[PDB]
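*Asks:* coords_24.txt (compact mmCIF, C-alpha atoms) pasted underneath:
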```txt
# COMPACT_ATOMS: atom_id res chain seq x y z
CA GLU W 613 7.52 -21.97 -40.69
CA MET W 614 4.34 -21.10 -38.81
CA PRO W 615 3.34 -17.48 -38.08
CA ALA W 616 4.60 -16.53 -34.60
CA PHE W 617 6.58 -13.62 -33.17
CA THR W 618 7.73 -11.72 -30.10
CA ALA W 619 9.10 -8.19 -30.34
CA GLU W 620 10.34 -5.92 -27.55
CA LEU W 621 10.47 -2.14 -27.09
CA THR W 622 13.63 -0.73 -25.48
CA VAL W 623 13.06 3.03 -25.69
CA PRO W 624 10.36 4.78 -23.66
CA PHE W 625 7.56 7.02 -24.92
CA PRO W 626 6.89 5.97 -28.54
CA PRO W 627 4.62 7.98 -30.90
CA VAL W 628 0.93 8.32 -30.09
CA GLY W 629 -1.62 7.47 -32.79
CA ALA W 630 0.61 5.04 -34.64
CA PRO W 631 1.53 1.36 -34.24
CA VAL W 632 4.13 0.87 -31.52
CA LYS W 633 7.30 -0.21 -33.31
CA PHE W 634 8.48 -3.07 -31.08
CA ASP W 635 11.81 -3.70 -32.81
CA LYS W 636 13.86 -6.21 -30.77
CA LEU W 637 12.87 -9.60 -32.18
CA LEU W 638 13.03 -12.93 -30.35
CA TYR W 639 11.32 -14.85 -33.16
CA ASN W 640 9.41 -14.00 -36.34
CA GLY W 641 8.19 -17.08 -38.20
CA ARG W 642 7.27 -16.36 -41.83
CA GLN W 643 8.26 -12.75 -41.14
CA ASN W 644 4.60 -11.74 -40.85
CA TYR W 645 5.53 -9.11 -38.24
CA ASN W 646 7.40 -6.00 -39.39
CA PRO W 647 9.64 -4.34 -36.76
CA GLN W 648 9.81 -1.28 -39.01
CA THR W 649 6.06 -0.66 -38.76
CA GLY W 650 5.00 -2.55 -35.63
CA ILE W 651 2.35 -4.37 -37.65
CA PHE W 652 1.58 -8.08 -37.94
CA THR W 653 0.00 -8.83 -41.32
CA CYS W 654 -2.06 -12.01 -41.69
CA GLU W 655 -0.79 -14.36 -44.39
CA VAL W 656 -2.28 -17.59 -43.05
CA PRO W 657 -6.07 -17.42 -42.36
CA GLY W 658 -7.10 -18.63 -38.93
CA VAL W 659 -7.41 -18.18 -35.18
CA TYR W 660 -4.55 -16.32 -33.51
CA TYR W 661 -3.47 -15.43 -29.98
CA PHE W 662 -1.82 -12.09 -29.23
CA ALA W 663 -0.29 -10.83 -26.01
CA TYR W 664 1.22 -7.52 -24.93
CA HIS W 665 2.87 -6.09 -21.84
CA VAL W 666 3.41 -2.35 -21.50
CA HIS W 667 5.12 -0.49 -18.70
CA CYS W 668 3.83 2.82 -17.39
CA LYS W 669 5.70 5.81 -15.98
CA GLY W 670 5.53 9.60 -15.98
CA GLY W 671 1.99 9.55 -17.29
CA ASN W 672 -1.10 7.39 -17.67
CA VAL W 673 -1.10 4.92 -20.54
CA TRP W 674 -4.02 3.79 -22.69
CA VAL W 675 -3.41 1.19 -25.38
CA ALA W 676 -5.63 -0.78 -27.71
CA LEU W 677 -4.93 -3.93 -29.66
CA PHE W 678 -6.20 -3.10 -33.14
CA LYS W 679 -7.34 -5.36 -35.97
CA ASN W 680 -7.14 -2.85 -38.82
CA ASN W 681 -9.13 0.17 -37.57
CA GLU W 682 -11.12 -1.75 -34.94
CA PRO W 683 -10.10 -1.58 -31.25
CA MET W 684 -10.41 -5.20 -30.11
CA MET W 685 -9.13 -4.74 -26.55
CA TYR W 686 -8.36 -1.75 -24.31
CA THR W 687 -5.85 -1.59 -21.47
CA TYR W 688 -5.52 1.46 -19.24
CA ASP W 689 -3.08 2.17 -16.44
CA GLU W 690 -2.70 5.25 -14.24
CA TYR W 691 0.88 6.12 -13.39
CA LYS W 692 1.80 5.58 -9.75
CA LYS W 693 3.40 8.88 -8.71
CA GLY W 694 7.16 8.40 -9.00
CA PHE W 695 7.11 4.65 -9.66
CA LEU W 696 7.26 2.29 -12.62
CA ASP W 697 4.23 0.07 -13.23
CA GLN W 698 2.92 -2.34 -15.87
CA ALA W 699 -0.31 -3.58 -17.48
CA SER W 700 -0.89 -6.49 -19.85
CA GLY W 701 -3.44 -7.98 -22.20
CA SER W 702 -4.01 -10.95 -24.47
CA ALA W 703 -6.67 -12.02 -26.93
CA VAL W 704 -7.77 -14.71 -29.34
CA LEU W 705 -8.69 -13.29 -32.74
CA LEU W 706 -10.00 -14.78 -35.97
CA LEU W 707 -7.94 -13.22 -38.76
CA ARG W 708 -8.63 -12.93 -42.48
CA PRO W 709 -5.78 -12.74 -45.02
CA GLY W 710 -4.57 -9.16 -45.08
CA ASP W 711 -5.73 -8.15 -41.60
CA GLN W 712 -3.24 -5.91 -39.82
CA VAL W 713 -2.84 -6.25 -36.04
CA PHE W 714 -0.90 -3.87 -33.80
CA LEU W 715 -0.85 -2.04 -30.47
CA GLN W 716 -1.44 1.71 -30.37
CA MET W 717 -2.06 4.57 -27.96
CA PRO W 718 -5.18 6.49 -29.10
CA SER W 719 -4.73 9.48 -26.78
CA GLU W 720 -2.05 12.14 -26.36
CA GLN W 721 -3.38 12.48 -22.80
CA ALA W 722 -2.28 8.93 -21.87
CA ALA W 723 1.07 8.37 -23.58
CA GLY W 724 3.13 7.09 -20.66
CA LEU W 725 4.17 3.85 -22.39
CA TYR W 726 7.57 3.07 -20.83
CA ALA W 727 10.43 0.78 -21.86
CA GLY W 728 14.20 0.60 -21.47
CA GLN W 729 17.37 -1.33 -22.26
CA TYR W 730 16.59 -3.58 -19.29
CA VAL W 731 12.83 -3.06 -19.05
CA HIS W 732 11.06 -4.62 -22.04
CA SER W 733 7.52 -3.76 -23.06
CA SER W 734 6.51 -6.40 -25.61
CA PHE W 735 4.10 -7.69 -28.24
CA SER W 736 3.66 -11.34 -29.28
CA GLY W 737 1.35 -13.25 -31.58
CA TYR W 738 0.99 -16.68 -33.14
CA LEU W 739 -1.30 -18.92 -35.17
CA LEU W 740 -3.46 -21.33 -33.17
CA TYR W 741 -5.65 -22.96 -35.83
CA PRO W 742 -5.47 -22.50 -39.62
CA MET W 743 -8.93 -21.79 -41.05
CA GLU A 613 2.64 -36.56 -24.63
CA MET A 614 3.27 -32.90 -25.47
CA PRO A 615 5.63 -30.59 -23.50
CA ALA A 616 3.61 -28.10 -21.44
CA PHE A 617 3.66 -26.89 -17.84
CA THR A 618 2.61 -24.36 -15.22
CA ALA A 619 4.58 -24.03 -11.99
CA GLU A 620 3.73 -21.71 -9.11
CA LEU A 621 6.08 -20.27 -6.49
CA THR A 622 4.65 -20.55 -2.97
CA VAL A 623 7.65 -19.27 -1.02
CA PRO A 624 8.83 -15.64 -1.25
CA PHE A 625 12.27 -14.26 -2.04
CA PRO A 626 14.19 -16.92 -4.01
CA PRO A 627 17.98 -16.61 -4.52
CA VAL A 628 19.46 -14.14 -7.00
CA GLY A 629 21.73 -15.36 -9.79
CA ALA A 630 20.05 -18.76 -10.14
CA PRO A 631 16.88 -20.10 -11.80
CA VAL A 632 13.76 -19.32 -9.78
CA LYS A 633 12.46 -22.64 -8.51
CA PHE A 634 8.69 -22.51 -8.97
CA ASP A 635 7.72 -25.51 -6.80
CA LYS A 636 3.97 -26.16 -7.22
CA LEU A 637 2.96 -27.93 -10.44
CA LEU A 638 -0.49 -27.62 -12.03
CA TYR A 639 0.60 -29.56 -15.10
CA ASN A 640 3.88 -30.89 -16.44
CA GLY A 641 3.44 -32.92 -19.61
CA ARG A 642 6.63 -34.83 -20.47
CA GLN A 643 7.98 -33.40 -17.21
CA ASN A 644 10.40 -31.11 -19.04
CA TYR A 645 10.11 -28.55 -16.24
CA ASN A 646 11.90 -29.57 -13.06
CA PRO A 647 10.77 -27.99 -9.75
CA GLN A 648 14.18 -28.87 -8.29
CA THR A 649 16.03 -26.68 -10.81
CA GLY A 650 13.39 -24.20 -12.00
CA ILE A 651 14.51 -25.01 -15.54
CA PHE A 652 12.48 -26.06 -18.57
CA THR A 653 14.65 -28.32 -20.73
CA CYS A 654 13.78 -28.71 -24.41
CA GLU A 655 13.36 -32.36 -25.37
CA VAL A 656 11.15 -31.87 -28.43
CA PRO A 657 12.59 -29.32 -30.92
CA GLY A 658 10.29 -26.50 -31.99
CA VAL A 659 8.63 -23.17 -31.32
CA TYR A 660 7.55 -22.57 -27.72
CA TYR A 661 5.59 -19.95 -25.82
CA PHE A 662 6.42 -19.00 -22.24
CA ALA A 663 4.49 -16.81 -19.83
CA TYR A 664 5.36 -15.63 -16.33
CA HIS A 665 3.88 -13.52 -13.56
CA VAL A 666 5.93 -12.24 -10.65
CA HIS A 667 4.77 -10.40 -7.56
CA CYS A 668 6.70 -7.51 -6.09
CA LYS A 669 6.88 -6.71 -2.39
CA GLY A 670 9.41 -5.42 0.12
CA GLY A 671 11.76 -4.40 -2.66
CA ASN A 672 12.17 -3.83 -6.40
CA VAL A 673 12.21 -6.90 -8.62
CA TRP A 674 14.22 -7.32 -11.81
CA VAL A 675 13.93 -10.66 -13.58
CA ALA A 676 14.88 -12.00 -16.98
CA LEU A 677 13.66 -14.92 -19.06
CA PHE A 678 16.81 -16.77 -20.13
CA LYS A 679 17.47 -19.16 -22.98
CA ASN A 680 20.61 -20.94 -21.82
CA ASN A 681 22.97 -18.12 -20.81
CA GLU A 682 21.30 -15.39 -22.85
CA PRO A 683 18.75 -12.96 -21.29
CA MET A 684 15.89 -12.88 -23.81
CA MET A 685 13.42 -10.64 -21.99
CA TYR A 686 13.74 -8.23 -19.05
CA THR A 687 10.92 -7.39 -16.66
CA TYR A 688 11.23 -4.76 -13.94
CA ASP A 689 8.93 -3.49 -11.21
CA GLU A 690 9.44 -1.03 -8.38
CA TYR A 691 8.05 -1.79 -4.94
CA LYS A 692 4.99 0.38 -4.28
CA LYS A 693 5.62 1.67 -0.74
CA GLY A 694 3.91 -1.06 1.28
CA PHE A 695 1.62 -2.45 -1.43
CA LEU A 696 1.76 -5.81 -3.21
CA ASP A 697 2.24 -5.44 -6.96
CA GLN A 698 2.79 -7.65 -10.01
CA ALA A 699 4.59 -7.63 -13.36
CA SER A 700 4.33 -10.14 -16.20
CA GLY A 701 5.91 -11.23 -19.44
CA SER A 702 5.60 -13.77 -22.23
CA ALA A 703 7.68 -14.78 -25.22
CA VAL A 704 7.88 -17.02 -28.27
CA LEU A 705 11.19 -18.86 -28.61
CA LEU A 706 12.55 -21.40 -31.08
CA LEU A 707 14.22 -24.16 -29.04
CA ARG A 708 16.57 -27.02 -29.86
CA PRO A 709 17.16 -30.20 -27.82
CA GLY A 710 19.03 -29.34 -24.64
CA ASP A 711 18.11 -25.64 -24.60
CA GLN A 712 17.18 -24.41 -21.14
CA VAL A 713 14.60 -21.73 -20.36
CA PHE A 714 14.11 -20.22 -16.93
CA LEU A 715 13.58 -17.01 -14.96
CA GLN A 716 16.41 -15.46 -12.98
CA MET A 717 17.05 -12.22 -11.08
CA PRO A 718 20.48 -10.75 -11.94
CA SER A 719 20.77 -8.34 -9.00
CA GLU A 720 20.60 -8.36 -5.21
CA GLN A 721 19.49 -4.73 -5.57
CA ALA A 722 16.15 -5.87 -7.01
CA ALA A 723 15.26 -9.29 -5.61
CA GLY A 724 11.85 -8.54 -4.14
CA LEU A 725 10.16 -11.41 -5.99
CA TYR A 726 7.23 -12.24 -3.70
CA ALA A 727 5.01 -15.32 -3.34
CA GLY A 728 2.61 -16.94 -0.88
CA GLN A 729 0.09 -19.73 -0.31
CA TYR A 730 -2.67 -17.48 -1.65
CA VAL A 731 -0.42 -15.28 -3.79
CA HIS A 732 1.06 -17.29 -6.66
CA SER A 733 3.99 -16.12 -8.77
CA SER A 734 4.14 -18.39 -11.82
CA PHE A 735 5.93 -19.66 -14.91
CA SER A 736 4.29 -21.51 -17.81
CA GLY A 737 5.44 -22.86 -21.15
CA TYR A 738 4.31 -25.11 -23.97
CA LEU A 739 5.20 -26.37 -27.43
CA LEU A 740 3.47 -24.55 -30.27
CA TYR A 741 4.96 -26.14 -33.39
CA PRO A 742 7.34 -29.13 -33.55
CA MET A 743 10.38 -28.28 -35.69
CA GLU Q 613 -13.89 -25.32 -35.32
CA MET Q 614 -11.50 -25.55 -32.36
CA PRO Q 615 -12.30 -24.44 -28.78
CA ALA Q 616 -10.89 -20.96 -28.15
CA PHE Q 617 -12.26 -17.73 -26.72
CA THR Q 618 -11.61 -14.29 -25.28
CA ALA Q 619 -14.30 -12.54 -23.27
CA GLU Q 620 -14.02 -9.00 -21.92
CA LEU Q 621 -15.73 -7.25 -19.02
CA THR Q 622 -16.76 -3.61 -19.54
CA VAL Q 623 -18.60 -2.84 -16.28
CA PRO Q 624 -16.96 -2.71 -12.83
CA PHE Q 625 -17.37 -4.71 -9.64
CA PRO Q 626 -18.82 -8.08 -10.67
CA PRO Q 627 -20.48 -9.87 -7.72
CA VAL Q 628 -18.37 -11.97 -5.35
CA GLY Q 629 -19.10 -15.66 -4.85
CA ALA Q 630 -20.06 -16.39 -8.45
CA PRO Q 631 -18.23 -16.64 -11.80
CA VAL Q 632 -17.28 -13.28 -13.31
CA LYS Q 633 -19.46 -12.85 -16.39
CA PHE Q 634 -17.12 -11.55 -19.10
CA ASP Q 635 -19.67 -10.88 -21.85
CA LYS Q 636 -17.97 -8.97 -24.68
CA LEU Q 637 -16.69 -11.74 -26.96
CA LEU Q 638 -13.84 -11.44 -29.47
CA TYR Q 639 -14.01 -15.09 -30.52
CA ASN Q 640 -15.73 -18.21 -29.20
CA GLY Q 641 -14.94 -21.31 -31.23
CA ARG Q 642 -17.44 -24.13 -30.65
CA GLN Q 643 -19.19 -21.76 -28.24
CA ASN Q 644 -17.77 -23.66 -25.26
CA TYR Q 645 -17.60 -20.40 -23.29
CA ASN Q 646 -20.94 -19.02 -22.05
CA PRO Q 647 -21.23 -15.19 -21.77
CA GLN Q 648 -24.32 -15.68 -19.59
CA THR Q 649 -22.43 -17.62 -16.93
CA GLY Q 650 -18.77 -16.74 -17.38
CA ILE Q 651 -18.05 -20.46 -17.52
CA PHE Q 652 -16.00 -22.39 -20.06
CA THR Q 653 -17.30 -25.95 -20.32
CA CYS Q 654 -14.98 -28.53 -21.82
CA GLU Q 655 -16.37 -30.39 -24.82
CA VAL Q 656 -13.13 -31.57 -26.44
CA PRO Q 657 -10.87 -33.44 -23.96
CA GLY Q 658 -7.29 -32.22 -23.79
CA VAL Q 659 -4.68 -29.78 -22.54
CA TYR Q 660 -5.81 -26.15 -22.39
CA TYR Q 661 -4.21 -22.79 -21.70
CA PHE Q 662 -6.13 -20.07 -19.87
CA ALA Q 663 -5.12 -16.47 -19.30
CA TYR Q 664 -6.80 -13.60 -17.49
CA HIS Q 665 -6.18 -9.93 -16.77
CA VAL Q 666 -8.11 -8.19 -14.00
CA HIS Q 667 -7.95 -4.53 -13.06
CA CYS Q 668 -8.05 -3.34 -9.46
CA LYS Q 669 -9.65 -0.14 -8.16
CA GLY Q 670 -11.14 1.04 -4.87
CA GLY Q 671 -10.44 -2.22 -3.10
CA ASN Q 672 -8.06 -5.18 -3.09
CA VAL Q 673 -8.72 -7.93 -5.62
CA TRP Q 674 -8.48 -11.63 -4.81
CA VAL Q 675 -9.59 -13.92 -7.62
CA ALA Q 676 -9.05 -17.58 -8.43
CA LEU Q 677 -9.12 -19.63 -11.60
CA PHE Q 678 -11.39 -22.56 -10.79
CA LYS Q 679 -11.67 -26.00 -12.38
CA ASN Q 680 -15.06 -27.24 -11.22
CA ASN Q 681 -15.04 -26.59 -7.46
CA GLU Q 682 -11.26 -26.52 -6.99
CA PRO Q 683 -9.13 -23.32 -6.91
CA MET Q 684 -6.27 -23.97 -9.34
CA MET Q 685 -4.55 -20.59 -9.16
CA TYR Q 686 -4.85 -17.50 -6.96
CA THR Q 687 -4.19 -13.92 -8.05
CA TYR Q 688 -4.09 -11.09 -5.53
CA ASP Q 689 -3.60 -7.35 -5.85
CA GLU Q 690 -3.65 -4.59 -3.25
CA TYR Q 691 -5.35 -1.48 -4.58
CA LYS Q 692 -3.05 1.52 -4.91
CA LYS Q 693 -5.13 4.18 -3.15
CA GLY Q 694 -6.42 6.51 -5.84
CA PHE Q 695 -5.11 4.75 -8.94
CA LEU Q 696 -6.20 1.91 -11.22
CA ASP Q 697 -3.93 -1.15 -11.21
CA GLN Q 698 -3.88 -4.62 -12.76
CA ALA Q 699 -2.80 -8.21 -12.07
CA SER Q 700 -2.78 -11.24 -14.39
CA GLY Q 701 -2.57 -15.01 -14.42
CA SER Q 702 -1.95 -17.88 -16.86
CA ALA Q 703 -2.41 -21.63 -16.47
CA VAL Q 704 -2.12 -24.86 -18.45
CA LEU Q 705 -4.83 -27.33 -17.43
CA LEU Q 706 -5.72 -30.87 -18.47
CA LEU Q 707 -9.50 -30.94 -18.92
CA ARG Q 708 -12.01 -33.77 -19.26
CA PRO Q 709 -15.46 -33.49 -20.88
CA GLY Q 710 -17.75 -31.41 -18.68
CA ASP Q 711 -15.00 -29.71 -16.68
CA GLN Q 712 -15.84 -26.08 -15.95
CA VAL Q 713 -13.24 -23.32 -15.84
CA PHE Q 714 -14.04 -19.82 -14.59
CA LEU Q 715 -12.84 -16.89 -12.51
CA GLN Q 716 -14.33 -16.04 -9.13
CA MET Q 717 -13.62 -13.78 -6.16
CA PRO Q 718 -14.04 -15.66 -2.86
CA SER Q 719 -14.15 -12.68 -0.49
CA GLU Q 720 -16.19 -9.49 -0.13
CA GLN Q 721 -13.05 -8.10 1.53
CA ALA Q 722 -11.23 -7.99 -1.82
CA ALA Q 723 -13.76 -7.44 -4.59
CA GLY Q 724 -12.31 -4.37 -6.26
CA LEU Q 725 -12.26 -5.98 -9.72
CA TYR Q 726 -12.57 -3.02 -12.11
CA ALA Q 727 -13.51 -2.58 -15.77
CA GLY Q 728 -15.01 0.07 -18.04
CA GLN Q 729 -15.80 0.86 -21.67
CA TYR Q 730 -12.22 2.09 -21.95
CA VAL Q 731 -10.48 -0.69 -19.98
CA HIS Q 732 -11.19 -4.40 -20.31
CA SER Q 733 -10.55 -7.02 -17.66
CA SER Q 734 -10.55 -10.30 -19.59
CA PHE Q 735 -10.58 -14.09 -19.67
CA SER Q 736 -9.19 -16.24 -22.50
CA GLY Q 737 -8.72 -19.95 -23.12
CA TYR Q 738 -7.97 -22.42 -25.90
CA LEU Q 739 -7.19 -26.04 -26.68
CA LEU Q 740 -3.50 -26.87 -27.08
CA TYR Q 741 -3.51 -30.65 -27.45
CA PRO Q 742 -6.57 -32.90 -27.87
CA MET Q 743 -6.39 -36.09 -25.82
```
Let me see whether you can do it: turn the structure in this file into structure tokens.
*Replies:*
Amino acid sequence: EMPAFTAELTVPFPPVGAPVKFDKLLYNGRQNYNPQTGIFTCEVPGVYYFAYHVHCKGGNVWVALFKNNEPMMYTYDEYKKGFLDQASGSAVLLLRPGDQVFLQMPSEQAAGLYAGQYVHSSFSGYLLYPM
Amino acid sequence: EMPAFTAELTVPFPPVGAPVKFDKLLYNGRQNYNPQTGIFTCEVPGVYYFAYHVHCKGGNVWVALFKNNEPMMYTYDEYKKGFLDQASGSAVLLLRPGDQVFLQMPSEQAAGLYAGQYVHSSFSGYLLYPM
Amino acid sequence: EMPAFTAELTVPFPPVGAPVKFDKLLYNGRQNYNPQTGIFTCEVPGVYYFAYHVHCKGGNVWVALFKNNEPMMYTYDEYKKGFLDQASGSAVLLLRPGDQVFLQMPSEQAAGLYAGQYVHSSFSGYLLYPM
């Protein structure tokens, strides 16, 4: 199997300051993604592509795609008074064996990450080129 | 030739309960996506990645990415009182010959999927790893 | 090294009528993407996948993914008075040596493309199948 996964969130407002535990799996080649931690751990060295889609409601939402402690990409969305919204992101990253990639909200002031049984926020990633 | 495509919807408000027929093709290697059905049919077994972007206007829009008869991912957006909006999604799926992947709205109560000549709603997909 | 890149914008309102210069690079295999121009120039012939995420604030945003001088895909978003929003696009394109792919806003009437140190609008692309 090649490293590739897609995980969905089905409960709104996950913890701030910790990897978002997307736990509904569609695929998880090589099991490099852990639904119990929300972290993708690099086993195969190379270039990867990650994508994420997060809904917003009740409050602003600020997320960052992390590679270990480093924020690689930031996505911010301001809640639209009374309505559900969404913001997305994607990025190509060169990963070293052991690198841990995940999505996380850095601020308690922007924790409006929404999700539901029929409204999936998600996180996907897969190997492009082995290095 | 490898299976890969991008289809854009140029006409607003497609029927509910049936695959959304994105009509305009930018690419369609192996022609596994059919504009007449809105369905991507797996010919080459393997891991695939799909991405979609749907505009919302005039009403709420609830769509799901299906694999055969199973809803794999749900995307929802609420119409912003007189303002065009958009919601997206993407997913990695292991497919076998004959499997069908498409987007479909399950309810008449949220069928505001919008599209226009200069406002493209889209659906893309491609083979990642042959299995 | 394979062709693949992700470039982020960290300053708002890039000029209309010219490629958007995403200059914060996460990866740039073969350096086929130029931070100084915002243009990806094809070196290796083949099928590519491009994805972009653009925030909207203060004004509507109308951007197009160009291949040379032809608009391949259009993405539009109506600014939600007072709040930051976002719209995205994805496209599979068959490229020949020398082909240039970039994002550009055609009208001054919809140039509200936003970005900041805390929110990245971005442009990514990579080779799927060499031809």
*Asks:* If the cut-off is 9 Å, can you tell me the residues of chain W near chain Q, counting all atoms listed in the file? I'd like them as an MDAnalysis selection string.
*Replies:* chainID W and resid 659 674 684:692 697:706 740:741 743
*Asks:* What separation in Å, quoted to one decimal, exists between atom CA of residue Q:644 and atom CA of residue W:712?
*Replies:*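 Distance reported for this atom pair: 27.2 Å.
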*Asks:* Which value, in Å to one decimal, gives the distance between atom CA of residue W:680 and atom CA of residue W:710?
*Replies:*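 Between atom CA of residue W:680 and atom CA of residue W:710 the gap works out to 9.3 Å.
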*Asks:* Record the distance separating atom CA of residue W:682 and atom CA of residue A:662, expressed in Å with one decimal.
*Replies:*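 Spanning atom CA of residue W:682 to atom CA of residue A:662 is a straight-line distance of 27.7 Å.
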*Asks:* Starting from 4 Å padding per side, set up an axis-aligned box that covers all listed atoms of stretch 687-693 of chain A and hand over centre and edge lengths in Å, one decimal, as JSON.
*Replies:*
```
{"center_x": 8.1, "center_y": -2.9, "center_z": -8.7, "size_x": 14.2, "size_y": 17.1, "size_z": 23.9}
```
*Asks:* Restricting the calculation to only C-alpha atoms: of Q:677, Q:707, Q:628, Q:621, which residue gets closest to residue Q:720?
*Replies:*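 Looking at the shortest contact to residue Q:720, the residue is Q:628.
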*Asks:* From (5.4, 3.6, -21.1), in the file's coordinates, out to 7 Å: which residues are reached, counting all atoms listed in the file? Answer as a short mmCIF file (atom, residue, chain, number, x, y, z; two decimals) with C-alpha atoms, in the frame of the given file.
*Replies:*
```cif
data_model
loop_
_atom_site.label_atom_id
_atom_site.label_comp_id
_atom_site.auth_asym_id
_atom_site.auth_seq_id
_atom_site.Cartn_x
_atom_site.Cartn_y
_atom_site.Cartn_z
CA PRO W 624 10.36 4.78 -23.66
CA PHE W 625 7.56 7.02 -24.92
CA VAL W 666 3.41 -2.35 -21.50
CA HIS W 667 5.12 -0.49 -18.70
CA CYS W 668 3.83 2.82 -17.39
CA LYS W 669 5.70 5.81 -15.98
CA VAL W 673 -1.10 4.92 -20.54
CA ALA W 723 1.07 8.37 -23.58
CA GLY W 724 3.13 7.09 -20.66
CA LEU W 725 4.17 3.85 -22.39
CA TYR W 726 7.57 3.07 -20.83
CA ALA W 727 10.43 0.78 -21.86
#
```
*Asks:* Since the input has fewer atoms than a full residue there, write stretch 723-737 of chain A out with N, CA, C and O atoms, as a PDB file, in the frame of the given file.
*Replies:*
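Saved result, rebuild_9.pdb, follows:
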```
ATOM      1  N   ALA A 723      15.631  -7.891  -5.789  1.00  0.00           N
ATOM      2  CA  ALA A 723      15.260  -9.290  -5.610  1.00  0.00           C
ATOM      3  C   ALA A 723      13.958  -9.475  -4.844  1.00  0.00           C
ATOM      4  O   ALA A 723      13.722 -10.535  -4.267  1.00  0.00           O
ATOM      5  N   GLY A 724      13.108  -8.452  -4.854  1.00  0.00           N
ATOM      6  CA  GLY A 724      11.850  -8.540  -4.140  1.00  0.00           C
ATOM      7  C   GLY A 724      10.765  -9.388  -4.781  1.00  0.00           C
ATOM      8  O   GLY A 724       9.592  -9.014  -4.750  1.00  0.00           O
ATOM      9  N   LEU A 725      11.141 -10.525  -5.363  1.00  0.00           N
ATOM     10  CA  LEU A 725      10.160 -11.410  -5.990  1.00  0.00           C
ATOM     11  C   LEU A 725       9.382 -12.077  -4.857  1.00  0.00           C
ATOM     12  O   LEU A 725       9.929 -12.878  -4.099  1.00  0.00           O
ATOM     13  N   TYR A 726       8.099 -11.742  -4.762  1.00  0.00           N
ATOM     14  CA  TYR A 726       7.230 -12.240  -3.700  1.00  0.00           C
ATOM     15  C   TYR A 726       6.289 -13.381  -4.101  1.00  0.00           C
ATOM     16  O   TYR A 726       5.908 -13.515  -5.264  1.00  0.00           O
ATOM     17  N   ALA A 727       5.915 -14.196  -3.118  1.00  0.00           N
ATOM     18  CA  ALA A 727       5.010 -15.320  -3.340  1.00  0.00           C
ATOM     19  C   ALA A 727       4.430 -15.809  -2.017  1.00  0.00           C
ATOM     20  O   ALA A 727       5.043 -15.635  -0.963  1.00  0.00           O
ATOM     21  N   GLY A 728       3.251 -16.422  -2.081  1.00  0.00           N
ATOM     22  CA  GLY A 728       2.610 -16.940  -0.880  1.00  0.00           C
ATOM     23  C   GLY A 728       1.592 -18.017  -1.196  1.00  0.00           C
ATOM     24  O   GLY A 728       1.271 -18.257  -2.363  1.00  0.00           O
ATOM     25  N   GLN A 729       1.073 -18.664  -0.154  1.00  0.00           N
ATOM     26  CA  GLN A 729       0.090 -19.730  -0.310  1.00  0.00           C
ATOM     27  C   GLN A 729      -1.129 -19.273  -1.113  1.00  0.00           C
ATOM     28  O   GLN A 729      -1.711 -20.048  -1.876  1.00  0.00           O
ATOM     29  N   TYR A 730      -1.513 -18.012  -0.940  1.00  0.00           N
ATOM     30  CA  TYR A 730      -2.670 -17.480  -1.650  1.00  0.00           C
ATOM     31  C   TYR A 730      -2.279 -16.343  -2.587  1.00  0.00           C
ATOM     32  O   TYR A 730      -3.127 -15.552  -3.014  1.00  0.00           O
ATOM     33  N   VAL A 731      -0.987 -16.283  -2.898  1.00  0.00           N
ATOM     34  CA  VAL A 731      -0.420 -15.280  -3.790  1.00  0.00           C
ATOM     35  C   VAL A 731       0.616 -15.997  -4.651  1.00  0.00           C
ATOM     36  O   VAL A 731       1.792 -16.058  -4.301  1.00  0.00           O
ATOM     37  N   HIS A 732       0.172 -16.544  -5.776  1.00  0.00           N
ATOM     38  CA  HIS A 732       1.060 -17.290  -6.660  1.00  0.00           C
ATOM     39  C   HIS A 732       1.850 -16.497  -7.690  1.00  0.00           C
ATOM     40  O   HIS A 732       1.284 -15.696  -8.430  1.00  0.00           O
ATOM     41  N   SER A 733       3.160 -16.717  -7.730  1.00  0.00           N
ATOM     42  CA  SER A 733       3.990 -16.120  -8.770  1.00  0.00           C
ATOM     43  C   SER A 733       4.060 -17.365  -9.657  1.00  0.00           C
ATOM     44  O   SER A 733       4.031 -18.485  -9.138  1.00  0.00           O
ATOM     45  N   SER A 734       4.132 -17.207 -10.971  1.00  0.00           N
ATOM     46  CA  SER A 734       4.140 -18.390 -11.820  1.00  0.00           C
ATOM     47  C   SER A 734       4.985 -18.324 -13.077  1.00  0.00           C
ATOM     48  O   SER A 734       5.452 -17.259 -13.486  1.00  0.00           O
ATOM     49  N   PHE A 735       5.137 -19.489 -13.699  1.00  0.00           N
ATOM     50  CA  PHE A 735       5.930 -19.660 -14.910  1.00  0.00           C
ATOM     51  C   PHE A 735       5.280 -20.794 -15.697  1.00  0.00           C
ATOM     52  O   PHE A 735       5.066 -21.883 -15.165  1.00  0.00           O
ATOM     53  N   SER A 736       4.928 -20.520 -16.949  1.00  0.00           N
ATOM     54  CA  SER A 736       4.290 -21.510 -17.810  1.00  0.00           C
ATOM     55  C   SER A 736       4.994 -21.578 -19.153  1.00  0.00           C
ATOM     56  O   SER A 736       5.665 -20.631 -19.559  1.00  0.00           O
ATOM     57  N   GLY A 737       4.828 -22.700 -19.844  1.00  0.00           N
ATOM     58  CA  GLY A 737       5.440 -22.860 -21.150  1.00  0.00           C
ATOM     59  C   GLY A 737       4.870 -24.060 -21.869  1.00  0.00           C
ATOM     60  O   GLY A 737       4.453 -25.031 -21.238  1.00  0.00           O
TER      61      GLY A 737
END
```
